[PDB]
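J.: Got a structure for you, questions after.
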2 protein chains.
Amino acid sequence: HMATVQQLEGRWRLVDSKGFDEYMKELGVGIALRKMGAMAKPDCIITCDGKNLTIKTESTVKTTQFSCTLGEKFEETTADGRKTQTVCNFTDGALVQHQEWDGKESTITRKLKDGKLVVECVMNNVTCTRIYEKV
Amino acid sequence: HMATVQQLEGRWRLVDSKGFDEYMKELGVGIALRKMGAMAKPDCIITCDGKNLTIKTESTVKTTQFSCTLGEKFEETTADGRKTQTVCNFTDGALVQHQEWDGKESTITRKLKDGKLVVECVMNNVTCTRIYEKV
Ligand SMILES: CCCCCCCCCCCCCCCCCCCC(=O)NCCO
Ligand SMILES: CCCCCCCCCCCCCCCCCCCC(=O)NCCO
Ligand SMILES: [Cl-]
């Protein structure tokens, strides 16, 4: 020191955190988003062009949704933070996943349609389709 | 020959989506975490040892936290959903970021210690420290 601002530029990778959960709580961050925040190894990117300063974050969130035996009911912990009663079946060429929690209910279907992974979700009256391509 | 489960095995990467925001909404997902759910482009990883099925997820989220000139107030949109009045000063070798919203405030000070980046976040009485290494 004294450090210039050019000394802070580049990519920085998280290696230690303390009290972050508490910090998010004091901002008013909800539990689900909080757990997401703490499971992410964010990269911080800083650049400074004279007085002009930019800060970017880049976090990958590698996560196991669930492991299960087909046909065996289990307790799922979801990304949004529900504790559901889930059973998966491979039925008629499709991978069905049925979620029960709080008396509510959702089904998620996964089929192969023209080499693409068509994913279909259903709750009450609300549906949703996602297409994936193989890597 | 209709689909096998082993036909669904591998890395699948999102390319299209209808109604996913509404779906998250019906499940009870909060506004802030919805926004992220739509901003992410997950990879879906599916493995199936006969009857043992695991679905993994993996999504990278690049987001420019903010962009400013030092000493000069701007409106910041934070990851957890706040809109803050923010200013960033570089003072005595340290990057200081100060946030004001709803008569509340927070300071995020960015320092260099032993080549490492040491980021302290403070709201009222709550202190969070995160360390980073250069890549
Ligand atoms: C790297 C922290 C961002 C967290 C990664 C994504 C988290 C998803 C939701 C997070 C909700 C909490 C938002 C409060 C912002 C905290 C940024 C200060 C810590 C930091 O190292 N900020 C980077 C500046 O050096
Ligand atoms: C898939 C979304 C993850 C995106 C990563 C960040 C998400 C932020 C919050 C997400 C909470 C939403 C939870 C509801 C999950 C619904 C499964 C969607 C179908 C799918 O493609 N599921 C993948 C397996 O086939
Ligand atoms: Cl959508």
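Easy rule for this one: first residue shown is 1, then count along the chain.
Using the three backbone atoms N, Cα and C, a Cβ is placed for every residue, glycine included.
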J.: Could you tell me which of A:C88, A:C121 is bonded to A:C128 by a disulfide, according to Swiss-Prot?
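T.: Looking through A:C88, A:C121, the record in Swiss-Prot gives A:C121 as the partner of A:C128.
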J.: Looking at the candidate ranges A:3-13, A:25-35, A:91-101, report the one that Swiss-Prot labels motif 'Nuclear localization signal'.
T.: A:25-35
J.: Select, from A:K18, A:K51, A:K113, the one residue given the annotation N6-acetyllysine by Swiss-Prot.
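T.: Annotated as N6-acetyllysine in Swiss-Prot: A:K18.
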J.: So if I take the recorded positions (A:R110, A:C121, A:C128) and measure from each Cβ to the nearest atom of ligand 1, which come out below 6 Å?
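T.: Checking each Cβ against ligand 1, none of them comes under 6 Å.
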J.: Write out the long-range same-chain contacts of A:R110 (N-eicosanoyl ethanolamine binding site), meaning residues 6 or more apart in sequence whose Cβ is under 8 Å from its Cβ.
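T.: Once residues fewer than 6 apart are set aside, A:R110 (N-eicosanoyl ethanolamine binding site) is near A:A94, A:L95, A:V96, A:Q97, A:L117, A:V118, A:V119, A:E120.
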